[PDB]
Each structure stands twice: as C-alpha cells, then as structure tokens.
Amino acid sequence: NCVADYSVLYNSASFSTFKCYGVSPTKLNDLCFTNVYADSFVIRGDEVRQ
Amino acid sequence: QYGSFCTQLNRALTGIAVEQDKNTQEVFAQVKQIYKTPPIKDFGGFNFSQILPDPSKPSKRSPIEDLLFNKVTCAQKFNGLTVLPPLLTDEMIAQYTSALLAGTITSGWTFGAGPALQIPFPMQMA
Amino acid sequence: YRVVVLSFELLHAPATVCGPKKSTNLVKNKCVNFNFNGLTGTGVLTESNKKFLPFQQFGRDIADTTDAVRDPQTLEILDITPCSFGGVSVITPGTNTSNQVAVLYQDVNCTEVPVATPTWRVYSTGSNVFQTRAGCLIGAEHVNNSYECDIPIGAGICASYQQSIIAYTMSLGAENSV
Amino acid sequence: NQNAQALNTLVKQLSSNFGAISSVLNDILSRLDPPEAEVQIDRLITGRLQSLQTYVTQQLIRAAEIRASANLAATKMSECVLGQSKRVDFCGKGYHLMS
Amino acid sequence: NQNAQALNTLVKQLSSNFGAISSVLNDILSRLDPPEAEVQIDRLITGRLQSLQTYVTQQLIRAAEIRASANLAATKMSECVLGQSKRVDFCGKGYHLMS
Ligand SMILES: *[C@@H]1O[C@H](CO)[C@@H](O)[C@H](O)[C@H]1NC(C)=O
Ligand SMILES: *[C@@H]1O[C@H](CO)[C@@H](O)[C@H](O)[C@H]1NC(C)=O
Ligand SMILES: *[C@@H]1O[C@H](CO)[C@@H](O)[C@H](O)[C@H]1NC(C)=O
C-alpha cells in the first residue's frame with residue numbers, strides 16, 4: 001500500500017544481473033504487482049550463483 | 001512469418017458456410033412457383049387445417065411447426081468469432097414448405113413434374 | 001556484500017503498491033483503453049451495480065477478462081464491454097460490367113461506421129446507408145419491389161445490378177393459386 | 001449441442017498458456033525485453049494455431065457428415081413429397097402413400 | 001480450381017521461414033554450424049511437416065466428397081442409362097424417358 005518508486009534502482013552503479021523479470025516486455029513502473037517483500041541480508045558475497 | 005495458415009482456415013470456414021447456405025437452398029427450394037391453398041377447406045373429410053399455416057398467428061407457421069420450433073432450442077462473441085445469418089430466413093423456409101404442402105394437397109404429384117394440374121383429394125388418394 | 005531479494009509473485013494486477021506520477025481523470029463512457037491499478041485492456045465502459053463484497057477488489061471472468069474497475073480515491077463501480085468488431089464484405093457485379101461496388105459490414109451499427117484514399121472517406125460517413133439484420137451495407141439502394149436472388153446476402157437480402165446497385169428482399173418465385 | 005460444445009472448447013483454449021508464463025494478451029507486454037517474451041509469444045501462438053486447426057478439421061468432418069445427411073433429406077423430400085415411391089422403407093414403414 | 005489452389009498454397013509454404021533466419025537450407029548450412037543448424041533446421045522441418053499434414057487432410061476430405069459424387073454418378077448411370085427409373089426428381093425435371 002505504497003508507491004514503490006523503482007526509478008531509484010537505475011541510480012548508482014554496480015549491483016548485479018536482474019536475471020528475474022519473467023512477465024513481459026514494455027515499461028517498468030506501471031504495473032501494481034501484488035506484494036513487495038524485502039528480505040535484505042548480508043553474505044560473504046564470494047558467489048551469488050545460489 | 002509462420003506462413004499462410006490463417007488464409008486456409010478462413011477459406012475453409014467460408015466454404016463451409018456457403019456450403020450450408022446452398023445446402024438448405026437445395027433441400028427446400030424444390031419448386032419454381034409458390035402455391036397457396038384455396039380459401040374454402042374441403043377435401044372429402046381430411047383435416048389439413050392442423051397441418052397448414054393458420055392466418056391467426058402472426059408467425060406464418062403450422063401448429064406442428066410451432067411445437068417443432070419451441071421444443072428444440074454468452075460472452076464468447078468478443079474474441080474473434082461471428083455467426084453469419086442464413087441466406088433465407090425461417091419465414092422464407094416456412095413459405096417454401098407451405099407452398100410445397102399446398103401443391104401436394106391440390107395438384108397431387110404432378111406439380112413437381114411440370115405444370116400443376118388440380119385434382120380432387122379423394123381422387124388423388126384413389 | 002549487501003544483497004536484497006524481492007518476492008514479487010505476480011498474480012493480482014489491481015493491487016495497492018504502485019506509485020506512477022501520471023494522473024488522469026476517470027472516463028465514464030469512451031471506447032478507450034484503460035490502465036487502472038496496473039490492469040491493461042481495451043473496450044467500452046458502462047456503469048452498473050453489482051453485489052460485490054467490500055473487502056474484495058475486482059472481478060475477473062471467462063478468459064480472465066475482468067469486467068469491473070474501482071477508483072482508489074472515490075468508491076464506485078463501473079463495468080466494461082469490448083468494442084464492436086467484424087469483417088467487411090464487398091458486393092460487386094462483374095468487373096467488366098461496372099466498377100462501382102457496395103460494401104457490407106458485419107453485425108455492426110451504422111453509428112460507429114464513420115469512426116472506424118479520398119474515395120475511402122466517402123464510404124465512412126455514408127450517403128445511402130442501409131441497415132439490415134445481416135449487416136450495415138452501404139452504397140446500394142433499397143427498393144420495395146422484389147426480384148430474383150442474384151448475389152447472396154444474409155437474412156433474405158440480395159443485391160443485383162439494374163446503372164446503380166440495388167438491394168432487395170429475395171422473392172421465392174412467382175405466386176399462383178390453382 | 002456438438003457445435004456449441006466445440007465452440008466452447010475453442011474459446012477455452014485461450015486460458016491455457018501452453019507452457020508460457022501467462023496466457024492473456026494484455027500480459028504479453030509489461031516490462032522486460034521483447035525477445036524474452038517473443039519466444040513466449042511463439043509458444044502461445046503455436047498452441048493457439050494448433051487448436052484452431054483442430055477446430056477447423058473437426059468442423060470440416062461435421063460439415064461433410066451434415067452435407068450427406070441433408071443430401072439424403074433432399075432426395076427423400078423430392079421422392080416422397082413430390083410423388084409416390086415404391087422403395088420399401090425409404091418413405092416410412094409400410095406402403096407409402098404421401099408425405 | 002480447388003486442387004490447383006491447394007497445390008499452390010502447399011508449394012508457397014516453402015517461402016515462409018517459420019521463425020527461422022532463412023528459408024533456404026543451403027544458407028543455413030553455410031552460416032550455422034551443425035550443432036546450431038540442428039536446432040535451427042527443426043523449425044523448418046516442423047513447419048513444412050505441418051503444412052503437408054494440413055494439405056493431406058484437406059485432400060482426404062475432398063477425395064471423400066468426390067467419391068460421394070462419383071458413387072452418385074455411377075448410380076445415376078446404372079439407373080437412367082441402363083434402364084428407366086420411377087424415381088421422380090432423379091432423372092431431370094419431369095417423367096423420365098431415357099438418358
Ligand atoms: C468481361 O468483359 C471483357 C471485355 O473487355 C471480356 O474480355 C471478358 O471476357 C468478360 N468477362 C466475363 C467473365 O464475361
Ligand atoms: C443503432 O444505433 C441507433 C442510435 O441510437 C439506434 O436507434 C438503433 O436502434 C441501433 N441499431 C440497432 C439494431 O439496435
Ligand atoms: C417503400 O417502403 C418505405 C419503407 O416502408 C416507405 O417509406 C415508402 O413509402 C415505400 N414506397 C416507396 C415508393 O418508396
């Protein structure tokens with residue numbers, strides 16, 4: 001029940017491959033999705049293939 | 001880029017539709033002229049008023065046809081399918097059937113093999 | 001390294017988590033596309049009432065084509081309906097006899113025909129529109145007198161060529177009483 | 001009944017995704033890259049076209065059957081109504097008089 | 001006309017690439033390596049096979065219809081030329097004499 005505002009994702013640099021879109025192609029910040037669950041965690045970062 | 005399958009499918013469905021139109025035309029349009037039963041109803045005792053169209057009802061059908069039509073009997077339209085109307089409506093088909101009935105009642109069997117010649121129904125049954 | 005993952009799970013398009021800066025007023029009845037709460041689609045809009053549950057959000061129907069939209073700001077209900085469509089047929093005599101023709105659209109009304117090179121604009125508005133239960137054919141005059149079936153049109157209509165194309169109800173042969 | 005059931009089967013095939021992600025035309029275009037969903041469109045159109053071909057073939061079979069039945073109806077009408085037939089059980093049960 | 005149209009449609013399907021890069025197998029061999037030409041050629045094979053299957057099914061339907069017509073023609077020959085038939089509208093309009 002908020003505004004998401006994914007335009008901030010394009011800011012800064014580095015990050016990694018999204019490797020997960022899985023819906024369809026056109027525009028980023030139009031659909032309302034269903035539920036945004038953030039589960040940020042910190043690993044060694046040696047390999048993110050998992 | 002997938003080919004021309006759609007043209008074949010459209011052609012096949014169109015061919016089926018025109019086939020059905022020509023098919024009902026072949027089945028019912030067996031006569032070149034429209035015959036009508038005479039106003040006075042006497043045939044030696046045979047009662048055809050049950051089988052002939054009645055002027056009282058707004059729909060020009062016979063009481064058998066009324067039961068035949070009532071006894072036998074939706075958002076799918078809006079995805080790319082249509083239903084074409086028949087070439088000749090139910091009124092025209094009923095008129096063809098009425099003409100054929102009047103022909104076989106009055107003329108006998110000769111209205112399908114040349115000019116229609118009248119003959120009393122008891123003599124036709126003889 | 002710092003990593004954050006997102007669940008997503010896209011199954012319900014009209015939800016509450018979306019913040020596009022674009023805002024537009026609501027349309028009552030216009031054959032235009034709609035993008036309410038992330039749900040896209042096309043059709044015409046029509047207002048009606050329904051015993052919708054309050055806690056629920058929207059209503060989807062056969063082929064997952066939703067038939068309801070709710071305004072996040074104001075609480076009201078409207079229903080949708082897809083636009084009128086159909087093929088267009090061309091009724092022509094022999095190409096050598098004449099070049100003028102009379103198109104026949106499918107089960108559509110004469111009102112929206114103009115909405116949906118210079119000579120093509122003539123058939124849009126229409127000057128001799130004929131409305132028939134088989135379709136809205138234009139360019140052919142309707143004559144009360146009946147003739148033989150020359151060109152097949154649905155629901156007992158037939159078009160012939162007498163220097164203008166005419167459309168009439170087919171006759172079932174000359175009548176006679178024995 | 002068979003015509004209505006076949007038509008209903010034809011329109012229910014739009015709900016199946018044939019192995020794609022989604023199965024609706026609006027969900028064909030959201031945010032990723034066309035090719036990513038172009039293959040998806042390839043998969044969708046392959047199944048939809050196969051279902052359409054199946055419907056057309058079954059309709060052709062049924063049309064042939066009904067054409068045969070109606071040719072029988074036409075010849076029966078013309079030989080029993082427009083004349084008296086000597087065929088045994090072609091215009092009823094018994095000795096036929098009129099139809 | 002129907003036979004010629006079906007034959008013309010069948011041959012014309014070879015131009016369509018069915019989602020490949022080219023409809024000519026010589027170019028497919030010349031550009032694509034066999035490991036990848038193996039997966040590229042698959043589309044051409046399945047598309048042409050589908051076209052041929054559709055053509056064969058349509059030809060089967062047409063052959064059944066023409067067999068029905070030929071059986072009717074044989075019956076009419078045997079019953080109108082080799083003899084005189086009492087069937088009313090089976091030998092023209094009117095009482096039959098000979099054919
Ligand atoms: C139409 O008329 C032209 C005259 O230029 C003639 O050559 C052609 O054979 C005609 N076609 C038909 C079907 O009568
Ligand atoms: C077409 O629209 C006009 C405009 O209201 C209406 O009067 C007419 O009844 C419509 N046609 C049909 C077949 O309903
Ligand atoms: C033909 O029918 C129309 C529609 O009923 C009527 O208005 C007209 O007076 C009739 N006669 C002529 C000559 O158009």
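Nothing in this text is a laboratory measurement; each read-out follows from the coordinates by a stated rule. Ideal geometry is used to build each Cβ from the backbone, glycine not excepted, and the neighbour counts take in all protein chains shown.
Things worth noting here:
- Meets criteria (within 16 Å of ligand 3 (Cβ to nearest atom), more than 14 Å from chain B (Cβ to nearest Cβ) and either buried (at least 18 other Cβ atoms within 10 Å of the Cβ) or over 26 Å from the mean Cα position of the chain (by Cα) (or both)) for C:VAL113: no
- In the range B:13-39, the residues that are of a type in the set (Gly, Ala, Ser) form Cβ pairs under 7 Å with partners that are assigned to a loop (DSSP other than H, G, I, E, B), at six or more places apart or across chains, as follows: B:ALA17/B:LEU84.
- Qualifying position, being charged (D, E, K, R), within 14 Å of chain B (Cβ to nearest Cβ) and in contact with a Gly (Cβ under 8 Å, 6 or more places away or on another chain), among C:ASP79, C:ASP67: C:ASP67
- Flag if C:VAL90 is outside any helix (DSSP H, G or I), under 20 Å from the mean Cα position of the chain (by Cα) and within 16 Å of ligand 3 (Cβ to nearest atom): no
- Which listed residue is assigned to a helix (DSSP H, G or I), under 31 Å from the mean Cα position of the chain (by Cα) and farther than 21 Å from A:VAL8 by Cα, from C:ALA63, C:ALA13: C:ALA63
- For C:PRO118, the stated conditions do not hold, so it cannot be described as surrounded by fewer than 13 Cβ atoms within 10 Å (Cβ to Cβ), under 18 Å from the mean Cα position of the chain (by Cα) and more than 16 Å from ligand 3 (Cβ to nearest atom).
- Checking C:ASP71, C:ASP79, C:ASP107, C:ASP67 one by one, the residue that is closer than 21 Å to B:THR82 by Cα and away from ligand 3 (no atom under 16 Å from the Cβ) is C:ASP107 and no other.
- For the residues C:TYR147, C:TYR105, the requirement of being away from ligand 1 (no atom under 16 Å from the Cβ), aromatic (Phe, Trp, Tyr) and closer than 24 Å to B:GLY80 by Cβ singles out C:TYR105.
- Only helices (runs of 4 or more DSSP H) whose full extent lies in the range B:38-126 are considered here, and the ones with at least 1 residues that are facing another protein chain (nearest Cβ under 8 Å), farther than 21 Å from B:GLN20 by Cα and over 14 Å from the mean Cα position of the chain (by Cα) are B:90-106, B:121-125.
- Residue in the range C:15-29 that is touching a strand residue (DSSP E or B) at 6+ places or on another chain (Cβ under 8 Å) and within 14 Å of chain A (Cβ to nearest Cβ) present: no
- All conditions in (1) surrounded by 18 or more Cβ atoms within 10 Å (Cβ to Cβ); (2) within 16 Å of ligand 3 (Cβ to nearest atom) hold for C:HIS142, with the sole exception of (1).
- Qualifying residue in the range C:122-131 (condition: within 30 Å of B:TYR96 (Cβ to Cβ) and not basic (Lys, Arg)): yes
- Qualifying residue in the range E:61-82 (condition: in contact with a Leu (Cβ under 9 Å, 6 or more places away or on another chain) and surrounded by 14 or more Cβ atoms within 10 Å (Cβ to Cβ)): yes
- Qualifying residues in the range C:82-99 (those that are surrounded by 12 or more Cβ atoms within 10 Å (Cβ to Cβ) and within 16 Å of ligand 1 (Cβ to nearest atom)) - the one nearest to the other protein chains (Cβ to nearest Cβ): C:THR92
- Scan the range D:1-57 for residues that are assigned to a helix (DSSP H, G or I) and either more than 12 Å from chain A (Cβ to nearest Cβ) or hydroxyl-bearing (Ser, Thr, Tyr) (or both) and the total you get is 26.
- Among residues of the range C:105-157, those that are of a type in the set (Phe, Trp, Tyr), within 16 Å of ligand 2 (Cβ to nearest atom) and part of a loop (DSSP other than H, G, I, E, B), counted: 1
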